[PDB]
Each structure stands twice: as structure tokens, then as C-alpha cells.
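The structure appears right after this line, and notes come after that.
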Amino acid sequence: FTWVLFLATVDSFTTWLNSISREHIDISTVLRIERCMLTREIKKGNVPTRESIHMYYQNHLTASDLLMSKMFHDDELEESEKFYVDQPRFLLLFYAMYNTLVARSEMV
Amino acid sequence: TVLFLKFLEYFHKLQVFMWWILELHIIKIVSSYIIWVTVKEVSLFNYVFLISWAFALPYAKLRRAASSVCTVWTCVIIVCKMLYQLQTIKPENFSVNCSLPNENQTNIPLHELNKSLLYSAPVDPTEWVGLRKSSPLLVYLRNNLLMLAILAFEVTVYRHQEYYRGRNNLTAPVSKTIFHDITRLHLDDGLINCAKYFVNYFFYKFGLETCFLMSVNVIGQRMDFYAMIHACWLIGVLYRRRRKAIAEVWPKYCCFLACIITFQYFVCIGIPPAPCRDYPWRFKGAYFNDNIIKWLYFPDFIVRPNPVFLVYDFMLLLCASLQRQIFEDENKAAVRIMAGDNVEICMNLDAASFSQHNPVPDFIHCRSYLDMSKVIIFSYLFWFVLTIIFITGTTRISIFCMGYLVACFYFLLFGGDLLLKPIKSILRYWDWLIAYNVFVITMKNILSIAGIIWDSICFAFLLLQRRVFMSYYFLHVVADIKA
Ligand SMILES: *[C@@H]1O[C@H](CO)[C@@H](O)[C@H](O)[C@H]1NC(C)=O
Ligand SMILES: *[C@@H]1O[C@H](CO)[C@@H](O)[C@H](O)[C@H]1NC(C)=O
């Protein structure tokens, strides 16, 4: 009877918490993508070369949202992202709360 | 009518599974019940049960004869106990009154209350042997009837499995387990597969980590002189740091456990009370009193050494024997290929220039479902055990809480950078912390002349984390931290 409105409210709540701290979420996302790229490289290649991301995007700087320019799309990354987005309810709420915590640790 | 076919099929499955699990886990049940019967009635004629099933667990070759010996002795005891119930036994003609002592010689420092053994009732020369002349004769003999039943049901299960091998021609499964198909390769596929793998080979991977915890339980719940002896041997065996370094002294440890449980039962049996001689620590000139004579596990009449304290030593002995068997059979390649390769790893490695060599697959990005559990148990547990170290140093306010707080602060400050280093230094520091923990345990045991529960949990979590640091799954986290 009321589970529909309950789920609507909790989904709106997670959307709110994700929206008010989108900057940290996107920074963490692009950092995670770069981490995956760098660990694949260091597993295959030789040297980390911190500027590897620089010489990589230079092919095809200051831009807080690099997500529209998808430059690295290794399949297991999208597999993990799909696994995270298909997570059940009352758990994405936990993800949003943890993102809020890591975003506002100073206030915490 | 309608469901009897499928129901009987399920029932046959259940019957064969029960027979299999009993064939797999019979020795533990029979030995545990025998030790419990021995502890219940402490008198003689049960000392031989303890000899048999204390020198039979570590040495499996004797497990055949050590069963028939008990099978014969229990019926001998039943016959004797029934014979001791006739009306023509007359313990009156048998009983002895021990004469009171005087204030000068062999005096009890508590002279106004001599209410103890040898003085509050006429002693019987057979009570010290086992015959007690009880009336119902059924509640008096059930501890032996059930023991005989278990001893018979053992060989019953053995020969039933043999006959099941004969008909429906099969072979004895060398893979002694429950799920014969689940193996090491099937571990990191699904959560259910991991649960099956752990139900299969839990004790294989976590033997020592459990034997040490059992010894710590013995120390913490016994808390007397023999607990100090157990602490001495625990520190002596842990001092050998490498795994293969203690696989040499484990038989000596098992022999020590057997000898000590034998000595403890021979102490708890006391001295024959028919001769009215008393113990040297109860004379005219003596300094031992009730508290110190209870702490020391010495024989006595006014205070009885609690026999139930031997079940902890028995648990420790059983786990030590199982771990000895594990050490014995873990080098065989046939089992090493399936849920094997339990040898420790080198300590000079690094996540860089090695992530392409380890057989373990990556889990940091959490493709599957259990990978979240893997990353929460291999990366986010260090800080949890640090919080546990903090908690165990603010609950029981004592002088030993300084080391806990110091180590907690140090690791919580210099933690993030230490995981960059090769595991050598972090393992050295964690070993120093293990040493401090066990030293605190031993000192809190010695100073009893308190109640360590948080220290045991801290020790368990530290052992878990130490086992984690020497795993292949950690190099992926080290690579992520490098990134
Ligand atoms: C021993 O003492 C009891 C009661 O104190 C008495 O009944 C008995 O006759 C005495 N002599 C014995 C049992 O030898
Ligand atoms: C104990 O020995 C001393 C010296 O032999 C004596 O004076 C005393 O009466 C004896 N009896 C007691 C109860 O001490």
C-alpha cells in the first residue's frame, strides 16, 4: 500500500544526496578510471609515468568533467559500473551516504 | 500416494549423507564423549580411558587398538559395578574411620572446621576405585552403556561403509570432503562456491590460527599454574616465526599435551584415602593456604581440583592432533593441486613488476558479487583491527594498556605509508605487537595470585590480519595503493 511511496521517497533521497555532492563523485569517478588505466599499464608496461594520462588525452587540460570525452572504455570497467548501478535498494542509499561522508569530512 | 517416490528418494539421499558424514567425523565424537565420561566420575578404572584416548589422538596408528581396549574395559567396569550391588557386600565390615589429628602434629591450620574428606565420613577403600553402591543401577551405569554403544557404532559405521563399497562398486574417495567437486579453482567464482570451499577445507587453511586460539582459550579460562605452563609452550612455539619452522616441533607439542593431561588427571585422582596419611602441604609447619593450594593444581581433600578443567586441554589436544595430520598430508601433490599449496610466500616481493605473475585474479573493481566482500576484508579490515586494539586498551584499566594505545596510535598515524613498503617491515612490527599481546596475557595470568576476554579477541584479529598480509590477494590492493 505504502511501499511504492516509501521507495519513491528513498530514491528521491539518494538522488538528492548524490546531486548536492556531484563534484566529489565525478572527481572520484575520473580518478578511478585513471587508476584502472594506470594499473593496466603497469601490469603490461614498465613505468607509471604520472603524465601518461596527459600524453594520452593529448592525442584524442583543465576540465572538471572529462566524462563526455570518453577516452578509456575497457570492458571490465563498464561491467563494474553496471554491477554498481544494478545494486538493490537500501544499498545505493548506503553508497550515497558514504559519498556524502567522504565529501564533507571537514563538517563531519 | 503422490509424493512418496520423491520423499523416499530424498530420504535415501539423507541416509547416505548421514552415513558419509558419520564415517568422516566419528573419532571426534567418540573421543569427546569418552573424555566427558572420564571427567564426570573422576575415580580410577577411568584413568585407562584417558591414557588410551590421550595417546591415541596424536598417534593415529594406535586408534585401532585404543578402541577395543576401551570396549573391553567398559564392560569389565559394568560387570564389577553390578557385582558391587549385592546385599552380601556389607561395606560396614569394609569401611574405615580415620582418627582425628591433634593440634601439634599433622594439624590443619583450620582446626575448628575439619569438615573435609577423611574426617566428615568413614572412608571406603572402594570409593577411591569407582564402586559407589548406588540404588537405581541405571542412572549409575548409563555413562558406560552409552560409551559401549558409541564404541560399537564406530565399527558399525566402518563396516557399513565397507559393505557399501562392496556392493554398488565404488572406491574410497581420496578427497575426504562433503562437496567432492568444489575445489580451489572453483573458490573465486561465486559466493556459494566460496561457502562450499570453506565448508570443505576450513581447518586445512586455518589450522594453526585455530590451535593457537584454542590454547589462548585454555589459558584464559583455566587461569592457574598449568595455564602458565601452556603459556610457556605457546610462547616457545610461536617464537619460531615461519610456518615450516614450527612443523618440526609440533609432534613434541602434541606429546607434551598428552603427558600434561595425563599428569593432571593423575593429580586429580588424589591419594588413596584409606591410609589416613595426609599431604605434606597440610602439616604443623606449613605455609600453603587454601588460595595458593587451589591456584597450584595440587591434590587435596578440603578443596578438590576441579576436574572439568581437563576438557579444555582435551580440546587443545584434539585440535593439535588434527593440525599434525594436516602438516603431515599437506605436502602431497594429489591434495596440493585441489585446495592446496599452503606454503607461505616470500616477503621481498612488491606489487610493481609482479601483478602479471600471481595466479589470483583481480577483484578491486568488483565485477562479481563477492568481490565487495573481498575488498572489504582485504583492505578495510586493517583499520577495524586498529579500532579493536584501541578498544581493548580502554576497557580494563590496567598498567598494560599503555602498549595497546601506543601501538594503535603508531599504526593509525604511520599506516597508510607502510603498505607501500615490502611486507617485511610491516610484518616485523605486527610480530612485535603479537609478542606484546601474548606477553600481556602471560603476565595477567601470573599476577592472579583481570579476566582476559578482549585480549583474546585482539589476538585473534591480529592473527587474522597477519595471515592476510601474507596472501596473494593483498598485492592487488598494494598495486591500487601505488596507483
Ligand atoms: C565409624 O564411625 C561411624 C559413625 O561415626 C560408626 O557408625 C562406626 O561404627 C564406626 N566404626 C567403623 C565404621 O568401623
Ligand atoms: C605439643 O608439644 C608441646 C611440647 O612437646 C607440649 O607442651 C604441648 O602440650 C603439646 N600439645 C599441644 C596441643 O600443643
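Identifiers in this document derive from the order of the C-alpha cells: chains are assigned A, B, ..., residues are numbered from 1 separately in each chain, and ligands are numbered from 1 in order of occurrence.
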Contact residues (chain B, partner chain A, 12 Å, only C-alpha atoms) as a PyMOL selection string: chain B and resi 351-358+362-372+475-483
At a cut-off of 10 Å and counting only C-alpha atoms and all ligand atoms, what residues surround ligand 2? Please answer as a PDB file with N, CA and C atoms, in the first residue's frame.
ATOM      1  N   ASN B 102      45.611 -34.038  66.122  1.00  0.00           N
ATOM      2  CA  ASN B 102      45.730 -33.134  67.252  1.00  0.00           C
ATOM      3  C   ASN B 102      46.376 -31.828  66.809  1.00  0.00           C
ATOM      4  N   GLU B 103      46.442 -30.885  67.747  1.00  0.00           N
ATOM      5  CA  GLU B 103      46.899 -29.539  67.427  1.00  0.00           C
ATOM      6  C   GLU B 103      48.378 -29.510  67.066  1.00  0.00           C
ATOM      7  N   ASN B 104      49.164 -30.459  67.574  1.00  0.00           N
ATOM      8  CA  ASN B 104      50.613 -30.399  67.386  1.00  0.00           C
ATOM      9  C   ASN B 104      51.043 -30.974  66.039  1.00  0.00           C
ATOM     10  N   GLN B 105      50.843 -32.273  65.838  1.00  0.00           N
ATOM     11  CA  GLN B 105      51.372 -32.960  64.668  1.00  0.00           C
ATOM     12  C   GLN B 105      50.300 -33.123  63.600  1.00  0.00           C
ATOM     13  N   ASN B 107      48.596 -31.108  61.891  1.00  0.00           N
ATOM     14  CA  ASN B 107      47.402 -30.326  62.164  1.00  0.00           C
ATOM     15  C   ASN B 107      46.961 -29.558  60.925  1.00  0.00           C
TER      16      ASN B 107
END
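Minimum atom-to-atom distance to residue 53 of chain A, evaluated using only C-alpha atoms, belongs to A:71 out of A:7, A:85, A:71, A:17.
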All residues having an atom within 6 Å of ligand 1 (only C-alpha atoms and all ligand atoms) as JSON, numbers by chain: {"B": [92, 95, 96, 97, 122]}
Which residue of A:12, A:69, A:100, A:105 approaches residue 30 of chain A most closely, using only C-alpha atoms: A:69
Test item, helix (DSSP H, G or I) assignment across segment 21-87 of chain A, answer as a count of residues only: 40
12 Å contact set for residue 175 of chain B, only C-alpha atoms, chain neighbours under 6 positions out, as a PyMOL selection string: chain B and resi 24+181-183+200-201+334-340
Shell around residue 20 of chain B at 12 Å using only C-alpha atoms, local window under 5 positions removed, as a list in words: residues 13, 14, 15, 25, 26, 157, 158, 160, 161, 162, 164, 165, 172, 173, 176, 177, 178 and 179 of chain B
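Note that the spacing between atom CA of residue 88 of chain A and atom CA of residue 68 of chain A amounts to 26.9 Å.
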Shell around segment 298-306 of chain B at 12 Å using only C-alpha atoms, local window under 4 positions removed, as a VMD selection string: chain B and resid 39 to 42 108 to 110 113 to 120 222 224 to 226 263 to 273 276 to 282 288 to 294 310 to 311
